[PDB]
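Note sheet for the following structure.
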Amino acid sequence: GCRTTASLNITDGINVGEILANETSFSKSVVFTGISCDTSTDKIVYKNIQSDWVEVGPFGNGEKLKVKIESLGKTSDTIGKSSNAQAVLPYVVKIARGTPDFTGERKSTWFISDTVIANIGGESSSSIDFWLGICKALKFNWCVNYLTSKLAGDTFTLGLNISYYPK
């Protein structure tokens, strides 16, 4: 079994530069720290929980963006017997132009809570998939908190602040 004494809810930021192309990619990574496992088979299981577009905005000029976790570098990592371990998960964020909204309140930064999670409580990928499907069926606006409540043990979560400053 594994436990963690580091922060479970990590937030990172992506500052989108104004470019003419309607799509762009960011290669990033997130580090889950403070991990302690006592068994050689103990592992951390990663899951992309935002593989489809989610729209954010409007930004300063009424533009909206579409964001998705395009792909992960890994699906899991064997931690084994380690008392001060960490797990580095690389991922790719794809950002595209969305439908503009000139009427809504405009913000320069928008938070996306559902991106990636990493369970170290012995949940399999199939269990996380099942609970995510349940969450989708129940029509929750977001699923990160429901998934952390339904998954056993500790679940690192990543949130992404998307910033965009068009002139």
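Chain labels A, B, ... are given in the sequence in which chains occur in the structure tokens; within each chain residues are numbered consecutively from 1, and ligands are likewise numbered from 1 in the order shown.
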Identify, on the basis of only C-alpha atoms, every residue whose closest approach to residue 4 in chain A does not exceed 8 Å; exclude the query and any residue fewer than 5 positions from it along the same chain; express the result as a VMD selection string.
-> chain A and resid 33 to 36 154
Tell me which protein, DNA and RNA residues are within 9 Å of residue 152 in chain A, counting only C-alpha atoms, leaving out same-chain ones fewer than 4 positions away, and put them as a VMD selection string.
-> chain A and resid 119 to 123 148
Selected residues written out with C-alpha atoms, as a PDB file, in the first residue's frame:
```
ATOM      1  CA  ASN A 119      -4.212   7.007  -7.774  1.00  0.00           C
ATOM      2  CA  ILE A 120      -1.896   5.265  -5.312  1.00  0.00           C
ATOM      3  CA  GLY A 121      -4.597   3.492  -3.309  1.00  0.00           C
ATOM      4  CA  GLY A 122      -4.486   0.325  -5.382  1.00  0.00           C
ATOM      5  CA  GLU A 123      -7.253   1.243  -7.818  1.00  0.00           C
ATOM      6  CA  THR A 148     -11.427  11.434  -5.518  1.00  0.00           C
TER       7      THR A 148
END
```
Enumerate, as a PyMOL selection string, the complete set of residues in range 6-113 of chain A that a backbone-based DSSP assignment places in strand (DSSP E).
-> chain A and resi 9-16+23-37+43-48+54-56+65-72+76-78+82-97+109-113
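Taking only C-alpha atoms into account, residue 42 in chain A lies nearest to A:81 out of the set A:76, A:69, A:81, A:57.
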Per-residue nearest contacts of range 34-125 of chain A to range 10-25 of chain A (10 Å; only C-alpha atoms) as a Markdown table:
```
| residue | atom | partner | partner_atom | distance |
| --- | --- | --- | --- | --- |
| A:65 | CA | A:23 | CA | 9.5 |
| A:66 | CA | A:23 | CA | 9.1 |
| A:67 | CA | A:23 | CA | 9.7 |
| A:68 | CA | A:25 | CA | 9.9 |
| A:69 | CA | A:25 | CA | 9.7 |
| A:70 | CA | A:25 | CA | 8.5 |
| A:92 | CA | A:25 | CA | 6.7 |
| A:93 | CA | A:25 | CA | 5.6 |
| A:94 | CA | A:25 | CA | 4.5 |
| A:95 | CA | A:24 | CA | 5.4 |
| A:96 | CA | A:23 | CA | 4.2 |
| A:97 | CA | A:22 | CA | 5.5 |
| A:98 | CA | A:22 | CA | 9.0 |
| A:108 | CA | A:15 | CA | 9.9 |
| A:109 | CA | A:15 | CA | 8.8 |
| A:110 | CA | A:13 | CA | 9.7 |
| A:111 | CA | A:13 | CA | 8.9 |
| A:112 | CA | A:11 | CA | 9.4 |
| A:113 | CA | A:11 | CA | 8.6 |
| A:117 | CA | A:10 | CA | 9.9 |
```
Output of the above residues as an mmCIF file, in the first residue's frame, restricted to N, CA and C atoms:
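Writing done, so here's again07.cif:
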```cif
data_model
loop_
_atom_site.group_PDB
_atom_site.id
_atom_site.type_symbol
_atom_site.label_atom_id
_atom_site.label_comp_id
_atom_site.auth_asym_id
_atom_site.auth_seq_id
_atom_site.Cartn_x
_atom_site.Cartn_y
_atom_site.Cartn_z
ATOM 1 N N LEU A 65 -11.589 29.294 -25.786
ATOM 2 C CA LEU A 65 -10.649 28.254 -26.172
ATOM 3 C C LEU A 65 -11.221 26.889 -25.818
ATOM 4 N N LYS A 66 -10.804 25.879 -26.571
ATOM 5 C CA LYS A 66 -11.110 24.486 -26.289
ATOM 6 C C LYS A 66 -9.825 23.808 -25.836
ATOM 7 N N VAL A 67 -9.909 23.014 -24.768
ATOM 8 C CA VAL A 67 -8.739 22.395 -24.158
ATOM 9 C C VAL A 67 -9.021 20.920 -23.920
ATOM 10 N N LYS A 68 -8.014 20.087 -24.168
ATOM 11 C CA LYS A 68 -8.115 18.664 -23.894
ATOM 12 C C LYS A 68 -6.727 18.127 -23.587
ATOM 13 N N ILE A 69 -6.687 17.066 -22.786
ATOM 14 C CA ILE A 69 -5.450 16.330 -22.547
ATOM 15 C C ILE A 69 -5.286 15.382 -23.731
ATOM 16 N N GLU A 70 -4.413 15.749 -24.667
ATOM 17 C CA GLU A 70 -4.282 14.980 -25.899
ATOM 18 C C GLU A 70 -3.811 13.560 -25.611
ATOM 19 N N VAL A 92 0.403 15.875 -22.775
ATOM 20 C CA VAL A 92 0.318 16.865 -23.839
ATOM 21 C C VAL A 92 -1.063 17.497 -23.788
ATOM 22 N N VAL A 93 -1.096 18.821 -23.717
ATOM 23 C CA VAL A 93 -2.334 19.587 -23.702
ATOM 24 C C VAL A 93 -2.517 20.189 -25.086
ATOM 25 N N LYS A 94 -3.648 19.901 -25.719
ATOM 26 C CA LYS A 94 -4.010 20.525 -26.984
ATOM 27 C C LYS A 94 -5.018 21.631 -26.699
ATOM 28 N N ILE A 95 -4.795 22.804 -27.289
ATOM 29 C CA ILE A 95 -5.664 23.962 -27.112
ATOM 30 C C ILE A 95 -6.061 24.477 -28.487
ATOM 31 N N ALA A 96 -7.364 24.633 -28.710
ATOM 32 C CA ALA A 96 -7.888 25.102 -29.984
ATOM 33 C C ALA A 96 -8.847 26.261 -29.747
ATOM 34 N N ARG A 97 -9.165 26.973 -30.824
ATOM 35 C CA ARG A 97 -10.139 28.051 -30.735
ATOM 36 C C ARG A 97 -11.538 27.472 -30.574
ATOM 37 N N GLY A 98 -12.333 28.108 -29.716
ATOM 38 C CA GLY A 98 -13.708 27.731 -29.500
ATOM 39 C C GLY A 98 -14.677 28.740 -30.076
ATOM 40 N N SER A 108 -9.247 36.841 -17.799
ATOM 41 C CA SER A 108 -7.974 36.521 -18.429
ATOM 42 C C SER A 108 -7.499 35.110 -18.111
ATOM 43 N N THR A 109 -7.997 34.508 -17.035
ATOM 44 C CA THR A 109 -7.577 33.176 -16.627
ATOM 45 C C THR A 109 -8.795 32.353 -16.242
ATOM 46 N N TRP A 110 -8.833 31.109 -16.719
ATOM 47 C CA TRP A 110 -9.949 30.200 -16.469
ATOM 48 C C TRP A 110 -9.423 28.859 -15.978
ATOM 49 N N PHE A 111 -10.050 28.327 -14.931
ATOM 50 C CA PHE A 111 -9.603 27.095 -14.295
ATOM 51 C C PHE A 111 -10.334 25.890 -14.875
ATOM 52 N N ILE A 112 -9.577 24.839 -15.187
ATOM 53 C CA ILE A 112 -10.108 23.543 -15.591
ATOM 54 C C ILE A 112 -9.707 22.540 -14.517
ATOM 55 N N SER A 113 -10.698 21.987 -13.820
ATOM 56 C CA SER A 113 -10.406 21.093 -12.706
ATOM 57 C C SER A 113 -10.123 19.671 -13.167
ATOM 58 N N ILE A 117 -5.458 12.575 -13.222
ATOM 59 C CA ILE A 117 -5.413 12.107 -11.844
ATOM 60 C C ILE A 117 -4.433 10.945 -11.757
#
```
Which residues in chain A does DSSP call alpha helix (DSSP H)? List them as number ranges by chain.
-> A: 125-137, 144-150
Selected residues, N, CA, C and O atoms, written as a PDB file, in the first residue's frame, please.
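Listed below is the output, part_2.pdb:
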```pdb
ATOM      1  N   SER A 125      -6.874   0.727 -13.454  1.00  0.00           N
ATOM      2  CA  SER A 125      -7.375   1.604 -14.505  1.00  0.00           C
ATOM      3  C   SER A 125      -8.839   1.316 -14.811  1.00  0.00           C
ATOM      4  O   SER A 125      -9.599   2.238 -15.127  1.00  0.00           O
ATOM      5  N   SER A 126      -9.255   0.050 -14.715  1.00  0.00           N
ATOM      6  CA  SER A 126     -10.645  -0.290 -14.996  1.00  0.00           C
ATOM      7  C   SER A 126     -11.583   0.311 -13.956  1.00  0.00           C
ATOM      8  O   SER A 126     -12.683   0.761 -14.293  1.00  0.00           O
ATOM      9  N   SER A 127     -11.164   0.336 -12.688  1.00  0.00           N
ATOM     10  CA  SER A 127     -12.001   0.927 -11.648  1.00  0.00           C
ATOM     11  C   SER A 127     -12.165   2.426 -11.858  1.00  0.00           C
ATOM     12  O   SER A 127     -13.271   2.967 -11.722  1.00  0.00           O
ATOM     13  N   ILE A 128     -11.069   3.117 -12.177  1.00  0.00           N
ATOM     14  CA  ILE A 128     -11.154   4.547 -12.442  1.00  0.00           C
ATOM     15  C   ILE A 128     -12.024   4.805 -13.664  1.00  0.00           C
ATOM     16  O   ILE A 128     -12.825   5.746 -13.683  1.00  0.00           O
ATOM     17  N   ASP A 129     -11.878   3.980 -14.705  1.00  0.00           N
ATOM     18  CA  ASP A 129     -12.727   4.128 -15.883  1.00  0.00           C
ATOM     19  C   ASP A 129     -14.196   3.946 -15.521  1.00  0.00           C
ATOM     20  O   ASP A 129     -15.059   4.699 -15.988  1.00  0.00           O
ATOM     21  N   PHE A 130     -14.498   2.946 -14.691  1.00  0.00           N
ATOM     22  CA  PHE A 130     -15.876   2.702 -14.283  1.00  0.00           C
ATOM     23  C   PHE A 130     -16.442   3.902 -13.539  1.00  0.00           C
ATOM     24  O   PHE A 130     -17.548   4.371 -13.837  1.00  0.00           O
ATOM     25  N   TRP A 131     -15.692   4.420 -12.565  1.00  0.00           N
ATOM     26  CA  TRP A 131     -16.200   5.543 -11.783  1.00  0.00           C
ATOM     27  C   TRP A 131     -16.320   6.806 -12.628  1.00  0.00           C
ATOM     28  O   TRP A 131     -17.250   7.596 -12.429  1.00  0.00           O
ATOM     29  N   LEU A 132     -15.417   7.005 -13.590  1.00  0.00           N
ATOM     30  CA  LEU A 132     -15.545   8.148 -14.488  1.00  0.00           C
ATOM     31  C   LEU A 132     -16.782   8.016 -15.367  1.00  0.00           C
ATOM     32  O   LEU A 132     -17.500   8.997 -15.590  1.00  0.00           O
ATOM     33  N   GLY A 133     -17.042   6.814 -15.883  1.00  0.00           N
ATOM     34  CA  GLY A 133     -18.254   6.608 -16.657  1.00  0.00           C
ATOM     35  C   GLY A 133     -19.503   6.864 -15.839  1.00  0.00           C
ATOM     36  O   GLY A 133     -20.464   7.468 -16.324  1.00  0.00           O
ATOM     37  N   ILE A 134     -19.507   6.408 -14.586  1.00  0.00           N
ATOM     38  CA  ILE A 134     -20.618   6.720 -13.692  1.00  0.00           C
ATOM     39  C   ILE A 134     -20.780   8.232 -13.573  1.00  0.00           C
ATOM     40  O   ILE A 134     -21.878   8.775 -13.745  1.00  0.00           O
ATOM     41  N   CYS A 135     -19.681   8.935 -13.286  1.00  0.00           N
ATOM     42  CA  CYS A 135     -19.736  10.387 -13.150  1.00  0.00           C
ATOM     43  C   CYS A 135     -20.352  11.032 -14.385  1.00  0.00           C
ATOM     44  O   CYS A 135     -21.207  11.918 -14.281  1.00  0.00           O
ATOM     45  N   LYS A 136     -19.918  10.600 -15.570  1.00  0.00           N
ATOM     46  CA  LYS A 136     -20.475  11.153 -16.800  1.00  0.00           C
ATOM     47  C   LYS A 136     -21.969  10.865 -16.896  1.00  0.00           C
ATOM     48  O   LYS A 136     -22.758  11.745 -17.258  1.00  0.00           O
ATOM     49  N   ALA A 137     -22.377   9.637 -16.562  1.00  0.00           N
ATOM     50  CA  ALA A 137     -23.792   9.289 -16.621  1.00  0.00           C
ATOM     51  C   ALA A 137     -24.617  10.176 -15.697  1.00  0.00           C
ATOM     52  O   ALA A 137     -25.723  10.599 -16.052  1.00  0.00           O
ATOM     53  N   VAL A 144     -13.594  15.567 -11.025  1.00  0.00           N
ATOM     54  CA  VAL A 144     -12.381  15.332 -10.245  1.00  0.00           C
ATOM     55  C   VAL A 144     -12.731  15.038  -8.789  1.00  0.00           C
ATOM     56  O   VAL A 144     -12.226  14.078  -8.193  1.00  0.00           O
ATOM     57  N   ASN A 145     -13.618  15.844  -8.200  1.00  0.00           N
ATOM     58  CA  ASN A 145     -13.953  15.663  -6.790  1.00  0.00           C
ATOM     59  C   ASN A 145     -14.753  14.385  -6.571  1.00  0.00           C
ATOM     60  O   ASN A 145     -14.522  13.658  -5.597  1.00  0.00           O
ATOM     61  N   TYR A 146     -15.700  14.094  -7.464  1.00  0.00           N
ATOM     62  CA  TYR A 146     -16.444  12.845  -7.359  1.00  0.00           C
ATOM     63  C   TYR A 146     -15.510  11.646  -7.459  1.00  0.00           C
ATOM     64  O   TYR A 146     -15.668  10.659  -6.728  1.00  0.00           O
ATOM     65  N   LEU A 147     -14.525  11.717  -8.356  1.00  0.00           N
ATOM     66  CA  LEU A 147     -13.599  10.603  -8.525  1.00  0.00           C
ATOM     67  C   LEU A 147     -12.707  10.437  -7.302  1.00  0.00           C
ATOM     68  O   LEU A 147     -12.431   9.310  -6.877  1.00  0.00           O
ATOM     69  N   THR A 148     -12.240  11.546  -6.723  1.00  0.00           N
ATOM     70  CA  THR A 148     -11.427  11.434  -5.518  1.00  0.00           C
ATOM     71  C   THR A 148     -12.249  10.922  -4.343  1.00  0.00           C
ATOM     72  O   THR A 148     -11.708  10.259  -3.451  1.00  0.00           O
ATOM     73  N   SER A 149     -13.552  11.214  -4.329  1.00  0.00           N
ATOM     74  CA  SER A 149     -14.415  10.711  -3.268  1.00  0.00           C
ATOM     75  C   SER A 149     -14.728   9.231  -3.437  1.00  0.00           C
ATOM     76  O   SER A 149     -14.896   8.521  -2.439  1.00  0.00           O
ATOM     77  N   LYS A 150     -14.811   8.748  -4.678  1.00  0.00           N
ATOM     78  CA  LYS A 150     -15.154   7.353  -4.925  1.00  0.00           C
ATOM     79  C   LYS A 150     -13.940   6.429  -4.947  1.00  0.00           C
ATOM     80  O   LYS A 150     -14.089   5.230  -4.684  1.00  0.00           O
TER      81      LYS A 150
END
```
From A:103, A:78, A:29, A:163, residue lying nearest residue 116 in chain A [only C-alpha atoms] = A:29
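Nearest residue to residue 52 in chain A, choosing from A:161, A:7, A:115, A:39 and counting only C-alpha atoms: A:115.
Excluding residue 114 in chain A itself and same-chain residues fewer than 3 positions from it, the residues having an atom within 7 Å of it are residues 49, 50, 142, 143, 144 and 159 of chain A, counting only C-alpha atoms.
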With a distance cut-off of 12 Å and only C-alpha atoms, select the neighbouring residues of residue 106 in chain A, excluding the residue or stretch itself and same-chain residues fewer than 5 positions from it, and output the selection as a PyMOL selection string.
-> chain A and resi 56-64+100-101+163-165
